[PDB]
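Let's start with one chain on its own, the form solved without its partner chain, as structure tokens.
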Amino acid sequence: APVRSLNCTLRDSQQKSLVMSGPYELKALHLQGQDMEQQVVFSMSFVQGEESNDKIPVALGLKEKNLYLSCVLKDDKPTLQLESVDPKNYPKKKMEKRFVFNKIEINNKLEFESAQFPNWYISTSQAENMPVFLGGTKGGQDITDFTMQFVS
């Protein structure tokens, strides 16, 4: 059948919101009130992959855009990018591995591990207005925990 998708927003555990802030750029900042329309709406697709009760493979597309979060090596490091795709072919159930995150539910928060790069996570910085990135530990000063808000 089709792939199933939900519209949502994400906020880091410090309650920073995610925004598009440059051609292919995702940054995190403290947002409230009028400025909250600026936040990125995701289409979270439930994709093929290894699954358990608390670990669910997803893709993260930007709502009604042919753009996906993806994990690739750049200058020899696992990095997070926004990657364009052929809009005729996406989303699909069998997303390529660079697009797949393991959505992990621990203590009422979510972590998004790269399926391609084990123990690399979607991360934010403590500082305002810095890139969303792929970080190689769910420990330390960088933030790896999120909450999801369901959108109409």
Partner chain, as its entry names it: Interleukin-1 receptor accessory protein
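Basically, rigid core = biggest C-alpha set you can superpose within 1.5 Å across the two forms. Numbering follows the first chain given and starts at 1.
The next section is about a form of this same protein that is not shown, the form solved in complex with its partner chain.
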With the two forms aligned on their rigid core, point out which item of 83, 96, 51, 35 shifts its C-alpha by 2 Å or more between the shown form and the other one.
51
With both forms fitted on the core, check whether the Cα of residue 106 differs by 2 Å or more between the shown form and the other one.
yes
Relative to what we see here, could you say if residue 54 and residue 10 have their Cα atoms closer or farther apart in the entry with it bound, with a change of 3 Å or more?
farther
Change in CA distance between residue 9 and residue 53 in the entry with it bound, which is 3 Å or more, as closer or farther:
farther
